[PDB]
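Taking the form deposited in one PDB entry, here's one chain by itself in structure tokens.
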């Protein structure tokens, strides 16, 4: 829980990123994203999710907010997803699938996600 978020930051740090947890932006009612990270070359805006199983559903609003932040900041928008017994896995927002009104990572997308080492 708190455990796996610590694990995610420690993995990012070991991969060479300085990474911070976000408290807020002072202008929006919601804190976005969850983590921002940079290594001097690559910058990441990360929405962090844990799920007991697939699929992960994301609202259109939450994907829009993440993409808008990433564009305004100069970062790559990512979703980090933790499943039980699995390592953290990273999905560029471009990998998300659409539902009628929203977004998802289902069984067909999950295998395409990246290990932190590849993101670097």
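Residues that one form lacks are left out of the comparison. Between two forms, the rigid core is the largest collection of C-alphas that superpose within 1.5 Å. Numbering follows the first chain given and starts at 1.
A.B. asks: Return whichever of 99-107 and 7-15 has the greater mean Cα B factor according to the PDB record.
C.D. replies: Averaged over C-alpha atoms, the B-factors run higher in 99-107.
A.B. asks: For the higher mean C-alpha B factor in the entry, choose 29-37 or 89-97.
C.D. replies: The recorded data point to 29-37.
A.B. asks: Where does residue 23 sit by CA temperature factor within its chain: lowest, middle or highest third?
C.D. replies: For residue 23, the deposited C-alpha B-factor lands in the highest third.
A.B. asks: Is the Cα B-factor recorded for residue 47 in the lowest, middle or highest third of its chain?
C.D. replies: Lowest third of the chain for residue 47's C-alpha B-factor.
A.B. asks: In terms of the CA temperature factor given in the entry, to which third of its chain does residue 75 belong: lowest, middle or highest?
C.D. replies: For residue 75, whose C-alpha B-factor we compare with every modelled residue in the chain, the answer is the lowest third.
A.B. asks: Is residue 58 in the lowest, middle or highest third of its chain when residues are ranked by C-alpha B-factor?
C.D. replies: Middle third by C-alpha B-factor.
Separately, the form deposited in another entry exists; it is not shown, and the next lines address it.
A.B. asks: Using a rigid core superposition, assess whether residue 28 undergoes a CA shift of 2 Å or more between this form and the one not shown.
C.D. replies: Moves: yes, 2 Å or greater.
A.B. asks: Quick one: core overlaid, is residue 115 moving 2 Å or more at the Cα between this form and the one not shown?
C.D. replies: For residue 115, whose C-alpha is compared between this form and the one not shown after core superposition, the shift is less than 2 Å.
A.B. asks: Did residue 27 and residue 72 drift closer or farther in that other deposited form, going by a CA distance change of 3 angstroms or more?
C.D. replies: Farther, not closer.
A.B. asks: Which way does the C-alpha gap of residue 27 and residue 59 go in that other deposited form, closer or farther, given it changes by 3 angstroms or more?
C.D. replies: The answer is closer, because the C-alphas of residue 27 and residue 59 approach each other in that other deposited form by 3 Å or more.
A.B. asks: Where does the chain move between this form and the one not shown, taking runs of at least 3 residues whose CA atoms all shift 2 Å or more after fitting the core?
C.D. replies: Flagged stretches (3+ res, CA at least 2 Å): 1-7, 24-31.
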